[PDB]
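Here's start-v9.tsv, which has TSV, N, CA and C atoms and all ligand atoms:
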```
chain	number	residue	atom	x	y	z
H	893	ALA	N	-2.56	7.91	-17.09
H	893	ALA	CA	-1.45	8.27	-16.13
H	893	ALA	C	-0.66	9.50	-16.54
H	894	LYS	N	-0.62	9.81	-17.83
H	894	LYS	CA	0.19	10.95	-18.22
H	894	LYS	C	-0.28	12.29	-17.66
H	895	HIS	N	-1.55	12.41	-17.26
H	895	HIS	CA	-2.00	13.67	-16.67
H	895	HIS	C	-2.13	13.61	-15.17
H	896	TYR	N	-1.68	12.52	-14.59
H	896	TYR	CA	-1.71	12.36	-13.14
H	896	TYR	C	-0.74	13.30	-12.43
H	897	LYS	N	-0.98	13.53	-11.14
H	897	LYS	CA	-0.08	14.36	-10.35
H	897	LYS	C	0.96	13.47	-9.69
H	898	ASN	N	2.23	13.80	-9.84
H	898	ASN	CA	3.27	12.99	-9.22
H	898	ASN	C	3.63	13.59	-7.88
H	899	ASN	N	2.59	13.84	-7.10
H	899	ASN	CA	2.72	14.46	-5.77
H	899	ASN	C	1.88	13.67	-4.76
H	900	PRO	N	2.40	12.52	-4.29
H	900	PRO	CA	1.64	11.72	-3.32
H	900	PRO	C	1.32	12.43	-2.00
H	901	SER	N	2.08	13.47	-1.65
H	901	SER	CA	1.80	14.19	-0.39
H	901	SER	C	0.43	14.86	-0.38
H	902	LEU	N	-0.23	14.98	-1.54
H	902	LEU	CA	-1.54	15.60	-1.59
H	902	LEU	C	-2.65	14.78	-0.97
H	903	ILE	N	-2.40	13.48	-0.78
H	903	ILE	CA	-3.45	12.62	-0.25
H	903	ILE	C	-3.12	11.89	1.04
H	904	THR	N	-4.19	11.51	1.74
H	904	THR	CA	-4.09	10.71	2.96
H	904	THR	C	-5.11	9.59	2.82
H	905	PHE	N	-4.80	8.44	3.41
H	905	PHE	CA	-5.69	7.29	3.37
H	905	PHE	C	-6.27	7.02	4.75
H	906	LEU	N	-7.59	6.93	4.82
H	906	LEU	CA	-8.28	6.64	6.08
H	906	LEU	C	-8.94	5.27	5.95
H	907	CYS	N	-8.98	4.51	7.04
H	907	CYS	CA	-9.69	3.23	7.03
H	907	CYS	C	-11.15	3.55	6.67
H	908	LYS	N	-11.73	2.81	5.70
H	908	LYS	CA	-13.10	3.08	5.28
H	908	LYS	C	-14.11	2.78	6.38
H	909	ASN	N	-13.74	1.92	7.34
H	909	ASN	CA	-14.68	1.60	8.42
H	909	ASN	C	-14.60	2.52	9.63
H	910	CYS	N	-13.41	2.67	10.21
H	910	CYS	CA	-13.28	3.48	11.43
H	910	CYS	C	-12.73	4.89	11.23
H	911	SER	N	-12.33	5.22	10.00
H	911	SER	CA	-11.81	6.54	9.68
H	911	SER	C	-10.44	6.90	10.25
H	912	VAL	N	-9.75	5.95	10.87
H	912	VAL	CA	-8.45	6.27	11.40
H	912	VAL	C	-7.47	6.54	10.25
H	913	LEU	N	-6.53	7.44	10.48
H	913	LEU	CA	-5.52	7.72	9.46
H	913	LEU	C	-4.62	6.50	9.32
H	914	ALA	N	-4.57	5.95	8.12
H	914	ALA	CA	-3.72	4.80	7.85
H	914	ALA	C	-2.31	5.30	7.45
H	915	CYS	N	-2.24	6.20	6.48
H	915	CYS	CA	-0.95	6.75	6.09
H	915	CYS	C	-1.11	7.86	5.09
H	916	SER	N	-0.03	8.60	4.89
H	916	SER	CA	0.05	9.67	3.89
H	916	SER	C	0.40	9.00	2.58
H	917	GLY	N	0.01	9.63	1.48
H	917	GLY	CA	0.38	9.12	0.17
H	917	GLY	C	1.90	9.07	0.02
H	918	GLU	N	2.62	9.92	0.76
H	918	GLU	CA	4.07	9.93	0.68
H	918	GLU	C	4.72	8.66	1.19
H	919	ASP	N	3.98	7.82	1.92
H	919	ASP	CA	4.56	6.60	2.47
H	919	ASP	C	4.32	5.38	1.61
H	920	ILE	N	3.73	5.59	0.43
H	920	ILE	CA	3.44	4.49	-0.49
H	920	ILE	C	4.50	4.29	-1.57
H	921	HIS	N	4.77	3.02	-1.90
H	921	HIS	CA	5.62	2.68	-3.05
H	921	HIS	C	4.84	1.68	-3.88
H	922	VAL	N	5.02	1.73	-5.19
H	922	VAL	CA	4.43	0.73	-6.06
H	922	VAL	C	5.60	-0.23	-6.31
H	923	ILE	N	5.33	-1.53	-6.27
H	923	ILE	CA	6.38	-2.53	-6.45
H	923	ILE	C	6.15	-3.22	-7.78
H	924	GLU	N	7.17	-3.19	-8.64
H	924	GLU	CA	7.13	-3.80	-9.96
H	924	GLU	C	5.88	-3.39	-10.74
H	925	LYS	N	5.54	-2.11	-10.62
H	925	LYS	CA	4.41	-1.52	-11.33
H	925	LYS	C	3.06	-2.14	-11.02
H	926	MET	N	2.96	-2.83	-9.90
H	926	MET	CA	1.68	-3.45	-9.56
H	926	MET	C	1.24	-3.28	-8.12
H	927	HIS	N	2.05	-3.78	-7.19
H	927	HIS	CA	1.68	-3.77	-5.77
H	927	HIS	C	1.92	-2.48	-5.04
H	928	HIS	N	0.88	-1.94	-4.42
H	928	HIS	CA	1.05	-0.69	-3.68
H	928	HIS	C	1.25	-1.09	-2.23
H	929	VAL	N	2.38	-0.68	-1.67
H	929	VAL	CA	2.76	-1.06	-0.32
H	929	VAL	C	3.17	0.13	0.51
H	930	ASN	N	3.25	-0.09	1.82
H	930	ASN	CA	3.74	0.92	2.73
H	930	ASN	C	4.74	0.14	3.59
H	931	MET	N	6.04	0.39	3.40
H	931	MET	CA	7.08	-0.32	4.15
H	931	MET	C	7.64	0.45	5.35
H	932	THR	N	7.01	1.56	5.72
H	932	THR	CA	7.53	2.33	6.85
H	932	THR	C	7.31	1.66	8.20
H	933	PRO	N	8.23	1.89	9.16
H	933	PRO	CA	8.06	1.27	10.47
H	933	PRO	C	6.80	1.77	11.18
H	934	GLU	N	6.46	3.04	11.02
H	934	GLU	CA	5.29	3.58	11.69
H	934	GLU	C	4.00	2.88	11.29
H	935	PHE	N	3.88	2.50	10.02
H	935	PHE	CA	2.67	1.85	9.54
H	935	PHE	C	2.45	0.50	10.24
H	936	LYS	N	3.54	-0.20	10.58
H	936	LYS	CA	3.43	-1.50	11.24
H	936	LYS	C	2.75	-1.44	12.60
H	937	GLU	N	2.71	-0.25	13.21
H	937	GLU	CA	2.04	-0.13	14.49
H	937	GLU	C	0.52	0.01	14.33
H	938	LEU	N	0.06	0.09	13.08
H	938	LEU	CA	-1.35	0.32	12.79
H	938	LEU	C	-2.13	-0.85	12.24
H	939	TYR	N	-1.47	-1.96	11.96
H	939	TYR	CA	-2.19	-3.10	11.41
H	939	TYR	C	-1.83	-4.36	12.16
H	940	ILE	N	-2.65	-5.38	11.92
H	940	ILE	CA	-2.50	-6.72	12.47
H	940	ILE	C	-2.45	-7.66	11.28
H	941	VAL	N	-1.63	-8.69	11.37
H	941	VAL	CA	-1.56	-9.70	10.32
H	941	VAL	C	-2.31	-10.91	10.86
H	942	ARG	N	-3.25	-11.42	10.07
H	942	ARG	CA	-4.01	-12.59	10.48
H	942	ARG	C	-3.96	-13.63	9.38
H	943	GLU	N	-4.17	-14.88	9.75
H	943	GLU	CA	-4.19	-15.97	8.80
H	943	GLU	C	-5.42	-15.89	7.90
H	944	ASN	N	-5.21	-16.17	6.62
H	944	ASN	CA	-6.34	-16.24	5.71
H	944	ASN	C	-5.90	-17.16	4.59
H	945	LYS	N	-6.23	-18.43	4.72
H	945	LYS	CA	-5.81	-19.40	3.72
H	945	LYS	C	-6.40	-19.25	2.34
H	946	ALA	N	-7.40	-18.39	2.20
H	946	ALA	CA	-7.97	-18.13	0.89
H	946	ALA	C	-7.02	-17.22	0.10
H	947	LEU	N	-6.24	-16.40	0.82
H	947	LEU	CA	-5.32	-15.43	0.22
H	947	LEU	C	-3.84	-15.83	0.22
H	948	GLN	N	-3.45	-16.75	1.09
H	948	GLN	CA	-2.06	-17.16	1.19
H	948	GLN	C	-1.62	-18.05	0.04
H	949	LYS	N	-0.46	-17.74	-0.52
H	949	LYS	CA	0.04	-18.57	-1.58
H	949	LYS	C	1.48	-18.23	-1.91
H	950	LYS	N	2.15	-19.16	-2.56
H	950	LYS	CA	3.53	-18.97	-2.94
H	950	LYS	C	3.58	-18.54	-4.39
H	951	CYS	N	4.19	-17.40	-4.65
H	951	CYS	CA	4.35	-16.91	-6.01
H	951	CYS	C	5.83	-16.88	-6.35
H	952	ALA	N	6.12	-16.60	-7.61
H	952	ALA	CA	7.52	-16.61	-8.01
H	952	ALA	C	8.34	-15.50	-7.35
H	953	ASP	N	7.74	-14.32	-7.22
H	953	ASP	CA	8.50	-13.20	-6.70
H	953	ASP	C	8.15	-12.75	-5.33
H	954	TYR	N	7.28	-13.49	-4.67
H	954	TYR	CA	6.88	-13.19	-3.30
H	954	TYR	C	5.98	-14.29	-2.80
H	955	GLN	N	5.77	-14.28	-1.50
H	955	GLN	CA	4.85	-15.21	-0.88
H	955	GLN	C	3.84	-14.34	-0.13
H	956	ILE	N	2.58	-14.75	-0.08
H	956	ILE	CA	1.59	-14.02	0.68
H	956	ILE	C	1.39	-14.87	1.94
H	957	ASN	N	1.71	-14.29	3.10
H	957	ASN	CA	1.66	-15.02	4.37
H	957	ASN	C	0.52	-14.70	5.30
H	958	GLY	N	-0.32	-13.76	4.90
H	958	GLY	CA	-1.44	-13.41	5.75
H	958	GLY	C	-2.17	-12.21	5.22
H	959	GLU	N	-3.20	-11.82	5.95
H	959	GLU	CA	-4.03	-10.68	5.61
H	959	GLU	C	-3.73	-9.57	6.59
H	960	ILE	N	-3.65	-8.35	6.10
H	960	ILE	CA	-3.40	-7.20	6.96
H	960	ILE	C	-4.74	-6.55	7.24
H	961	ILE	N	-4.98	-6.27	8.51
H	961	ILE	CA	-6.23	-5.63	8.91
H	961	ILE	C	-5.96	-4.47	9.85
H	962	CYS	N	-6.89	-3.54	9.86
H	962	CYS	CA	-6.86	-2.40	10.75
H	962	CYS	C	-7.09	-2.89	12.18
H	963	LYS	N	-6.65	-2.10	13.15
H	963	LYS	CA	-6.93	-2.44	14.54
H	963	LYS	C	-8.45	-2.55	14.76
H	964	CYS	N	-9.28	-1.90	13.93
H	964	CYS	CA	-10.74	-1.98	14.11
H	964	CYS	C	-11.32	-3.27	13.55
H	965	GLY	N	-10.52	-4.01	12.79
H	965	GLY	CA	-10.97	-5.26	12.19
H	965	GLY	C	-11.16	-5.21	10.68
H	966	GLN	N	-11.26	-4.01	10.12
H	966	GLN	CA	-11.45	-3.87	8.67
H	966	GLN	C	-10.24	-4.36	7.89
H	967	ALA	N	-10.47	-5.22	6.91
H	967	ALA	CA	-9.35	-5.69	6.11
H	967	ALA	C	-8.76	-4.51	5.35
H	968	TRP	N	-7.44	-4.53	5.21
H	968	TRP	CA	-6.71	-3.49	4.48
H	968	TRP	C	-5.96	-4.04	3.29
H	969	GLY	N	-5.45	-5.26	3.40
H	969	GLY	CA	-4.71	-5.83	2.29
H	969	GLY	C	-4.08	-7.15	2.64
H	970	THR	N	-2.89	-7.39	2.10
H	970	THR	CA	-2.20	-8.65	2.32
H	970	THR	C	-0.76	-8.43	2.72
H	971	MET	N	-0.19	-9.41	3.41
H	971	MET	CA	1.21	-9.34	3.76
H	971	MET	C	2.03	-10.14	2.77
H	972	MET	N	2.73	-9.44	1.88
H	972	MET	CA	3.61	-10.08	0.91
H	972	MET	C	5.01	-10.10	1.51
H	973	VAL	N	5.82	-11.08	1.12
H	973	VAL	CA	7.20	-11.14	1.59
H	973	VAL	C	8.04	-11.49	0.37
H	974	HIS	N	9.06	-10.68	0.09
H	974	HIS	CA	10.00	-10.91	-1.01
H	974	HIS	C	11.38	-11.09	-0.39
H	975	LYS	N	11.97	-12.26	-0.58
H	975	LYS	CA	13.30	-12.55	-0.05
H	975	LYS	C	13.46	-12.16	1.42
H	976	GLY	N	12.46	-12.50	2.22
H	976	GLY	CA	12.50	-12.19	3.64
H	976	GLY	C	12.13	-10.76	4.01
H	977	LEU	N	11.80	-9.93	3.04
H	977	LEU	CA	11.45	-8.54	3.33
H	977	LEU	C	9.94	-8.34	3.28
H	978	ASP	N	9.39	-7.72	4.31
H	978	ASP	CA	7.94	-7.48	4.40
H	978	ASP	C	7.46	-6.40	3.45
H	979	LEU	N	6.40	-6.70	2.70
H	979	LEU	CA	5.77	-5.76	1.77
H	979	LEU	C	4.29	-5.69	2.14
H	980	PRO	N	3.90	-4.78	3.05
H	980	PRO	CA	2.50	-4.66	3.46
H	980	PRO	C	1.75	-4.06	2.29
H	981	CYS	N	0.92	-4.88	1.64
H	981	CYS	CA	0.20	-4.48	0.43
H	981	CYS	C	-1.20	-4.00	0.69
H	982	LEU	N	-1.48	-2.78	0.24
H	982	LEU	CA	-2.78	-2.16	0.47
H	982	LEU	C	-3.68	-2.25	-0.74
H	983	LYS	N	-4.94	-2.61	-0.50
H	983	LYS	CA	-5.94	-2.65	-1.58
H	983	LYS	C	-6.73	-1.35	-1.42
H	984	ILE	N	-6.74	-0.51	-2.45
H	984	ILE	CA	-7.37	0.79	-2.33
H	984	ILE	C	-8.86	0.77	-1.96
H	985	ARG	N	-9.54	-0.31	-2.31
H	985	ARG	CA	-10.96	-0.43	-2.00
H	985	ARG	C	-11.26	-0.44	-0.49
H	986	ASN	N	-10.23	-0.56	0.35
H	986	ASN	CA	-10.45	-0.58	1.80
H	986	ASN	C	-10.28	0.76	2.47
H	987	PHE	N	-10.07	1.81	1.69
H	987	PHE	CA	-9.82	3.12	2.26
H	987	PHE	C	-10.67	4.22	1.66
H	988	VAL	N	-10.64	5.34	2.36
H	988	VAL	CA	-11.25	6.59	1.90
H	988	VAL	C	-10.02	7.46	1.63
H	989	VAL	N	-9.97	8.10	0.47
H	989	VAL	CA	-8.82	8.94	0.13
H	989	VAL	C	-9.21	10.40	0.28
H	990	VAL	N	-8.41	11.14	1.02
H	990	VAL	CA	-8.65	12.56	1.24
H	990	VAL	C	-7.60	13.40	0.55
H	991	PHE	N	-8.04	14.36	-0.26
H	991	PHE	CA	-7.13	15.28	-0.97
H	991	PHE	C	-7.00	16.56	-0.13
H	992	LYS	N	-5.78	17.06	0.05
H	992	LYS	CA	-5.58	18.28	0.84
H	992	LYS	C	-6.17	19.57	0.23
H	993	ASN	N	-6.15	20.66	1.02
H	993	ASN	CA	-6.62	22.02	0.68
H	993	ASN	C	-8.03	22.17	0.13
H	994	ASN	N	-8.56	21.06	-0.38
H	994	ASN	CA	-9.88	21.00	-0.98
H	994	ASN	C	-10.64	20.04	-0.08
H	995	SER	N	-9.86	19.24	0.64
H	995	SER	CA	-10.39	18.25	1.56
H	995	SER	C	-11.70	17.71	1.03
H	996	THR	N	-11.56	16.86	0.02
H	996	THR	CA	-12.69	16.20	-0.62
H	996	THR	C	-12.36	14.73	-0.42
H	997	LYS	N	-13.36	13.94	-0.06
H	997	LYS	CA	-13.16	12.52	0.18
H	997	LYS	C	-13.60	11.70	-1.02
H	998	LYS	N	-12.84	10.65	-1.32
H	998	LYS	CA	-13.08	9.78	-2.46
H	998	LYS	C	-12.87	8.28	-2.21
H	999	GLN	N	-13.50	7.45	-3.03
H	999	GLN	CA	-13.32	6.01	-2.95
H	999	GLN	C	-13.03	5.49	-4.34
H	1000	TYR	N	-12.18	4.47	-4.42
H	1000	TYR	CA	-11.80	3.91	-5.69
H	1000	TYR	C	-11.81	2.39	-5.60
H	1001	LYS	N	-11.88	1.72	-6.74
H	1001	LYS	CA	-11.86	0.26	-6.75
H	1001	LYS	C	-10.50	-0.30	-7.16
H	1002	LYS	N	-9.75	0.47	-7.95
H	1002	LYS	CA	-8.43	0.05	-8.40
H	1002	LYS	C	-7.46	1.22	-8.23
H	1003	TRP	N	-6.19	0.91	-7.95
H	1003	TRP	CA	-5.21	1.98	-7.77
H	1003	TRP	C	-5.08	2.88	-9.01
H	1004	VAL	N	-5.24	2.31	-10.20
H	1004	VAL	CA	-5.11	3.12	-11.43
H	1004	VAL	C	-6.19	4.21	-11.54
H	1005	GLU	N	-7.28	4.05	-10.82
H	1005	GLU	CA	-8.35	5.03	-10.85
H	1005	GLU	C	-7.97	6.30	-10.07
H	1006	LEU	N	-7.04	6.18	-9.12
H	1006	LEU	CA	-6.56	7.33	-8.31
H	1006	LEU	C	-5.54	8.06	-9.20
H	1007	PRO	N	-5.82	9.34	-9.56
H	1007	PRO	CA	-4.90	10.08	-10.44
H	1007	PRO	C	-3.66	10.68	-9.82
H	1008	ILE	N	-2.91	9.82	-9.16
H	1008	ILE	CA	-1.68	10.14	-8.48
H	1008	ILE	C	-0.63	9.12	-8.90
H	1009	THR	N	0.59	9.58	-9.18
H	1009	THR	CA	1.68	8.68	-9.55
H	1009	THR	C	2.62	8.56	-8.37
H	1010	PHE	N	2.95	7.31	-8.01
H	1010	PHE	CA	3.81	7.01	-6.89
H	1010	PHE	C	5.17	6.50	-7.33
H	1011	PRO	N	6.16	6.57	-6.44
H	1011	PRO	CA	7.49	6.07	-6.79
H	1011	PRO	C	7.43	4.55	-6.90
H	1012	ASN	N	8.18	4.01	-7.84
H	1012	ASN	CA	8.24	2.59	-8.08
H	1012	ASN	C	9.55	1.98	-7.64
H	1013	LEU	N	9.45	0.75	-7.15
H	1013	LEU	CA	10.63	-0.06	-6.85
H	1013	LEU	C	10.38	-1.40	-7.53
H	1014	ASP	N	11.26	-1.82	-8.43
H	1014	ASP	CA	11.11	-3.15	-9.02
H	1014	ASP	C	11.56	-4.17	-7.94
H	1015	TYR	N	11.17	-5.43	-8.07
H	1015	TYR	CA	11.59	-6.43	-7.09
H	1015	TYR	C	13.10	-6.40	-6.90
H	1016	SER	N	13.82	-6.25	-8.02
H	1016	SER	CA	15.28	-6.24	-8.03
H	1016	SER	C	15.91	-5.10	-7.26
H	1017	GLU	N	15.10	-4.12	-6.86
H	1017	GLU	CA	15.60	-2.96	-6.12
H	1017	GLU	C	15.29	-3.04	-4.62
H	1018	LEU	N	14.51	-4.03	-4.21
H	1018	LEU	CA	14.09	-4.10	-2.81
H	1018	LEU	C	15.17	-4.38	-1.78
H	1019	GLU	N	16.07	-5.32	-2.06
H	1019	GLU	CA	17.11	-5.61	-1.09
H	1019	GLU	C	18.00	-4.37	-0.87
H	1020	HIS	N	18.34	-3.69	-1.95
H	1020	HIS	CA	19.18	-2.49	-1.87
H	1020	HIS	C	18.43	-1.42	-1.07
H	1021	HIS	N	17.15	-1.22	-1.38
H	1021	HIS	CA	16.35	-0.23	-0.70
H	1021	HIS	C	16.29	-0.45	0.81
H	1022	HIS	N	16.05	-1.69	1.22
H	1022	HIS	CA	15.98	-2.00	2.64
H	1022	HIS	C	17.34	-1.92	3.34
H	1023	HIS	N	18.41	-2.20	2.61
H	1023	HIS	CA	19.75	-2.17	3.20
H	1023	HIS	C	20.19	-0.75	3.52
H	1024	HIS	N	19.79	0.20	2.68
H	1024	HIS	CA	20.21	1.58	2.77
H	1024	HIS	C	19.25	2.64	3.29
H	1025	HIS	N	17.97	2.47	3.00
H	1025	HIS	CA	17.00	3.49	3.35
H	1025	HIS	C	16.04	3.15	4.47
H	1101	ZN	ZN	-10.29	0.72	10.86
```
Just dump the structure as structure tokens.
Ligand SMILES: [Zn+2]
Amino acid sequence: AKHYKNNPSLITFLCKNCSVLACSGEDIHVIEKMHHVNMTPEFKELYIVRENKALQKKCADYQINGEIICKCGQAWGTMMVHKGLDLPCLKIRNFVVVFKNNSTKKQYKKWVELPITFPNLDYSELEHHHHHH
């Protein structure tokens, strides 16, 4: 991570199945150094939440209430909820990542494999973040 670029605007995420633009890297936050989410209102117009009892569960710091999928049907991630706040969690394996100016397409299995550093919000910062921003 020390040689990563802390410039998320360099990348865009496309659904690996239908190629639709899911979001810019600028719309991603990492939560408690683990979960990569997109909490913007615009992103909510692009996914559907469906039931998936294999993935739903109650955790100490969040609950998983469903699976997030693209309008085309391709799974994208999970719907986490922390203290009533929605955390749409993206699994990088469901997307194609495009880097600007070089426009080269890439696929990854884990977020740590993508050499980009994103802004972090610990769980303890979420209520404040949603109240103000
Ligand atoms: Zn799709």
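Summary of the local environment: counting all atoms listed in the file, residues at most 8 Å from residue 978 in chain H, other than itself and those fewer than 5 positions away along its chain, are residues 930, 931, 971, 972 and 973 of chain H.
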Legend entry - Residues within 6 Å of ligand ZN 1101 (chain H), counting only C-alpha atoms and all ligand atoms, as an MDAnalysis selection string: chainID H and resid 907 909:910 912 962:964 966
Legend entry - Å distance separating CA of residue 986 in chain H from CA of residue 915 in chain H, one decimal place: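 Interatomic distance, CA of residue 986 in chain H to CA of residue 915 in chain H: 12.7 Å.
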Inset, instruction - Please identify all polymer residues within 7 Å of residue 897 in chain H, counting all atoms listed in the file, omitting same-chain residues fewer than 3 positions from it, and present them as a ChimeraX atom specification. - result: /H:893-894,900,1007-1010
Inset, instruction - State, in Å with one decimal place, the distance from atom C of residue 946 in chain H to atom C of residue 911 in chain H. - result: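 It comes out at 26.4 Å.
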Inset, instruction - Taking the DSSP assignment computed from this structure's backbone, write out as number ranges by chain all residues of chain H that belong to helix (DSSP H, G or I). - result: H: 900-902, 917-919, 934-937, 984-986, 1003-1005, 1015-1024
Legend entry - Residue nearest residue 920 in chain H - candidates H:997, H:992, H:983, H:942, atoms counted: only C-alpha atoms: H:983
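The nearest approach to residue 932 in chain H among the residues H:947, H:954, H:980, H:896, with all atoms listed in the file taken into account, belongs to H:980.
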Legend entry - Nearest to residue 953 in chain H, chosen from H:974, H:989, H:1012, H:1018, with only C-alpha atoms counted in the distances: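 For residue 953 in chain H, the nearest of the candidates is H:974.
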Legend entry - Using only C-alpha atoms: which of H:1006, H:994, H:981, H:1020 has the shortest distance to residue 926 in chain H: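 With only C-alpha atoms as the atom set, the closest residue is H:981.
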Inset, instruction - Pick out the residues sitting within 7 Å of residue 948 in chain H, and hand them over as a count of residues only; count only C-alpha atoms, and ignore anything fewer than 3 positions along from it in its own chain. - result: 5
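Interatomic distance, atom N of residue 1019 in chain H against CA of residue 976 in chain H: 9.6 Å.
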Legend entry - Contacts of residue 925 in chain H at 8 Å (only N, CA and C atoms; same-chain gap of 5+ positions) as a ChimeraX atom specification: /H:1011-1015
Inset, instruction - Between H:977, H:1001, H:985, H:906, single out the one closest to residue 1022 in chain H, counting all atoms listed in the file. - result: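 Checking each of H:977, H:1001, H:985, H:906 against residue 1022 in chain H, counting all atoms listed in the file, the winner is H:977.
If you measure from each of H:936, H:1005, H:991, H:943 to residue 899 in chain H using only C-alpha atoms, the closest one turns out to be H:991.
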Might I get the box with edges along x, y and z of the file that holds all atoms of range 941-959 of chain H listed there, padded by 5 Å on every side, given as centre and edge lengths in Å to one decimal, as JSON?
```
{"center_x": 0.3, "center_y": -14.0, "center_z": 1.7, "size_x": 26.5, "size_y": 20.7, "size_z": 29.4}
```
Legend entry - Backbone DSSP call of strand (DSSP E or B) for chain H, listed as number ranges by chain: H: 897, 903-907, 913-916, 921-923, 927-929, 939-942, 949-950, 955-962, 967-974, 977-982, 987-991, 996-998, 1008, 1012-1013
